[PDB]
J.: 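What follows is a single structure, and I will ask about it in a moment.
Here is the naming used below: chain letters follow the sequence lines, and residue numbers restart at 1 for every chain.
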Amino acid sequence: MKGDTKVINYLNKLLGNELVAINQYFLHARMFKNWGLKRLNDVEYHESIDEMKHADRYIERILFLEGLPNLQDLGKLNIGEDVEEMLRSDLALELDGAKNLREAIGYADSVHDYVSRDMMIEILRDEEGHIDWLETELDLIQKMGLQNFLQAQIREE
Amino acid sequence: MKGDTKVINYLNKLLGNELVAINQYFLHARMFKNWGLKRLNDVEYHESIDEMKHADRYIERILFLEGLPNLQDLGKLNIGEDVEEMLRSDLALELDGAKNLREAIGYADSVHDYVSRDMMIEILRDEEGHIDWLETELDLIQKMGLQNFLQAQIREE
Amino acid sequence: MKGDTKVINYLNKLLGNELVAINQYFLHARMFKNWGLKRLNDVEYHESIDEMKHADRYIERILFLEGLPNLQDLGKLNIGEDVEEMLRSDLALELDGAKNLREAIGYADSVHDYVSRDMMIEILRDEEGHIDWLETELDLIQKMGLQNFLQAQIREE
Amino acid sequence: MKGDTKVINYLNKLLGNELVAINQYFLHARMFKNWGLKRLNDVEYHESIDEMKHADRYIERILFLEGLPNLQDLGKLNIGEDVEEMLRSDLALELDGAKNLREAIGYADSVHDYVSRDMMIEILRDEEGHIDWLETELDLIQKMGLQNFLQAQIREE
Amino acid sequence: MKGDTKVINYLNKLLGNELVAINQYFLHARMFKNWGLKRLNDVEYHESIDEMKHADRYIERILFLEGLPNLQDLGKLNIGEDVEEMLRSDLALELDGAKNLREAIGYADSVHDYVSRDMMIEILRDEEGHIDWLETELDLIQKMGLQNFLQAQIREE
Amino acid sequence: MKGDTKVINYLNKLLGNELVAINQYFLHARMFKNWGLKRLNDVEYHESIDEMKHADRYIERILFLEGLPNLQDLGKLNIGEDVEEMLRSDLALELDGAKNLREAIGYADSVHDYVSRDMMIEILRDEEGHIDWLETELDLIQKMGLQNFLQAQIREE
Amino acid sequence: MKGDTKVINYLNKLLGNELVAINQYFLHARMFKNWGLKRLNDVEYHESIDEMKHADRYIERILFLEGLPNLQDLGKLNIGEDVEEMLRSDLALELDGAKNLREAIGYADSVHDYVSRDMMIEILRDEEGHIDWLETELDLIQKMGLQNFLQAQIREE
């Protein structure tokens, strides 16, 4: 079914955001794992999986609308070197992606692509959940101190 | 994640509507229970629980958006003294709450808080279900008469 | 069964105490949940439910005694802004409520309303349990320090 | 263990109340059963059994306290000839029994027989439950009319 | 179905016998229980229940035959103060009751109330079973001596 | 929660009574066991355990009220040398303890410590059950003679 | 079987040690419980139970040997006011008891009471296990600091 060209453009932009996040979350997860911070590996691994699911949804939607999914161009990663930097980088990436989602959701409505919009609202709900987790962890580091926070990560849940 | 100030205000207003409904539905249920009208107790109790779940959702959303949930102010209850009066009061409260929801849902869209909107639309769907039940019960009283209607309530369904 | 007017007045005052506590405990719970302090959310949520059960018993007893339950007036909440403040506010509310329960229990005995008295003694036993938990948590914050205390809350027991 | 003479006298008076109620509830039940009012038979039969249990408790307590249970004297029954008359007679008997219970409960406290008091408070709680049911049934007859009320009794609940 | 007036009169006399026996057996059971003679409590309690079942049958039959069951008048109890006295009193009561049953069975036959007769023959068979047990226990007391007999009662079979 | 000083003093006096009973019942139990009187060992062992549960309740209540449980002072035991002496000594101890409980229950009510009172009434009910068993055994020894009584103890129940 | 008088004297001395430990461990356990230190309550409670089992063994052995178990005299308790004091007091008590056990074990051998000796060696093995636990906890307090140690006690295992 031939979709709106700019809708497809937004879907490719959002897919691009998810592709950066998949890689950034996955590497962060395995850095945490290497450091013995098992609980952080578990959560970040699951966030990477969540973003893969989102990417799959964008890819399938673009193909249905007869566009070409772009998996070639990869945006800038910001890995970081310690726990706080890594979490802040993930939060910043999530915030940027949420801005793009809001723009795309408004546009899809204006051209009556309500199914693409509905998909994007569900994804935005998921991303706000990631944002809530990241903000919460960052605040916990400040409240209990980094040493107590690290100790809390060494055994799974 | 810092939310829009007026969105937070709307959520607190809607929370306020739920807090009134929680108490009014609960007291109505136990009044029905005292009178031996078990089926009406069962339904109204469940509606009270439903509004508690709505209140929980508003409280959690407000806190996420970094606002302060208002559980201090409580609007006017209208309890009534007989079955028809009690059900009509509940209906009037639901209709006023629906008006407030429609206004909030439109505004949330305008400022692109699509997740708050999605939550409110789900709540509005629940409230229209309560409105349907209440309108139906009131019409049944008129159709079969109050005496037959009350007899129908003395065993749970 | 027509009850003693002043017993009903006491029952309404105690119901009033429970209604403040329901709201305060629930908001505290969700504030803790937002901060990622899962254990504190779990306990405070269950205390809110306990106060709801107490309120239900008061409402049913008042109706049996042919009085009018008052769910319209809500007393002053004291939310607080940090963990120690919130816990101290809950403890102060519990202590005020226990004072009211003692007065009502003494009065019910003097007018031979032994069933109302029996109900209130069970509720007072529940409240003294909440007092014990709150005092214990506050002492633990002193003994192990706030940072260690917070770390201990981030996984559900 | 030798008990207080006046407490033993109270227990025998209360036992006497239970003995009247056992017979009156049982005959009412079987009258309802004859008339095809199965649901009223079920409830009144259960109330009769409840009073048998109370009588058993009085008999055992009296013997423990080294007194002589009096099962020889039987107070006046008031059977009645129609449903409303029968239920009102049961209610009147319950209310008279409750007055005697309150007097006995106060006196047992005065002579420090706290175990006899504890037993009586539990029994009074049961009696107030019967009073609640009776009052409710009588109000239902008034609200839905006798014909509708009788129709509602012909299937066991 | 309008029964024979004299049959109804006999059924009320027999009911009257059952009512005395219900109370006498039950008090005897609990006296035995107080004394630690568990086996005697168990048997006498079950005999009390058997007489309750008999009373229920009389009440239902009288009501079917359109008569008025008399539960108001209570004949003379003879409690006794020691085991042998109590058992002999129960036996004397059973023998008096069997006399009345024989008269009533003969009369019911003469007026063709064969269903009332059938009911009473079953009840008489039950009563002869109680007579057998009582006679046997009294004989055992004489044969093994009271002290051995009491020892044999201090556990439930 | 700071309790009343004299309530705490009563709780420690009652704890003292329980500590004596725990030891006396336990030694009596093992003396019975040594003699081959298994049934008496079983009951007295269980009574010792019951008193341990009571002691635990007093200890926990005292600590909650911010007092200091006294486990250092131990009252006078009266062991006895034969079955009758031992049981009579246990009975005298129980009677002394019930007297202290009655005084403490009255006082707790007067200072409005209704939860301490409720706990003590439950314990008093337990103690009256022990009194009943002890009185019953002593009477059985008289009624069947000591030789028959001992024979009845050599097999468990 | 008539035992050696001085063996019985040692068994009573050791029983005396166990009686002090039962009370000291139990009170310590409930102090820990009051403080919210659940893991310490659990272990100290179990140590109290272990000492009760030892006391039972001494009591039964003394009775077999035809001596008189002494449960009347209670040695000095040393409760303490904080975690470290309490644990050190328990350790000191265990060390004193172990000295007495070694003396008694040597003596029992010299008079050929090998079964009493065998019992005591098993008990000494148990006590050395308690000593190992107490020493370990005390060292942990020093190594991780008291605040970390307390935090580790708040959830069971």
J.: Tell me every residue that passes ring pair (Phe, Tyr, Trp, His ring centres under 6.0 Å) with E:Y58, counting only those two or more places apart in sequence or in another chain.
T.: none
J.: To the nearest 0.5 angstrom, please state how far the CG atom of E:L71 sits from the CD1 atom of D:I22.
T.: 11.0 Å
J.: The criterion is ring pair (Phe, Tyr, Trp, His ring centres under 6.0 Å); which residues satisfy it with E:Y10, sequence neighbours excluded?
T.: E:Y107
J.: Which residues in residues 27-36 of chain D have a heavy atom less than 4.5 Å from any heavy atom of chain E?
T.: D:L27, D:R30, D:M31, D:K33, D:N34
J.: Taking atom NZ of E:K38 as the centre, report whether more than 12 heavy atoms of other residues, nucleotides or ligands fall under 6.0 Å from it.
T.: no
J.: Could you state the interatomic distance from CZ (E:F26) to CD1 (D:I59), rounded to the nearest 0.5 Å?
T.: 5.5 Å
J.: Who are the side-chain contact (heavy atoms from CB on, under 4.5 Å) partners of D:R39, not counting sequence neighbours?
T.: B:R155, D:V43, D:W133, D:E137, D:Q153, D:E157
J.: Does CD belonging to D:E85 count more than 12 external heavy atoms closer than 6.0 Å?
T.: yes
J.: For the atom pair CG (E:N23) and CG (D:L19), what is the distance rounded to the nearest 0.5 Å?
T.: 6.0 Å
J.: Give a yes or no on whether D:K13 atom NZ has more than 12 heavy-atom contacts from other residues, nucleotides or ligands under 6.0 Å away.
T.: no
J.: Step through the shown structure and confirm whether more than 12 heavy atoms of other residues, nucleotides or ligands are within 6.0 Å of CG on E:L68.
T.: no
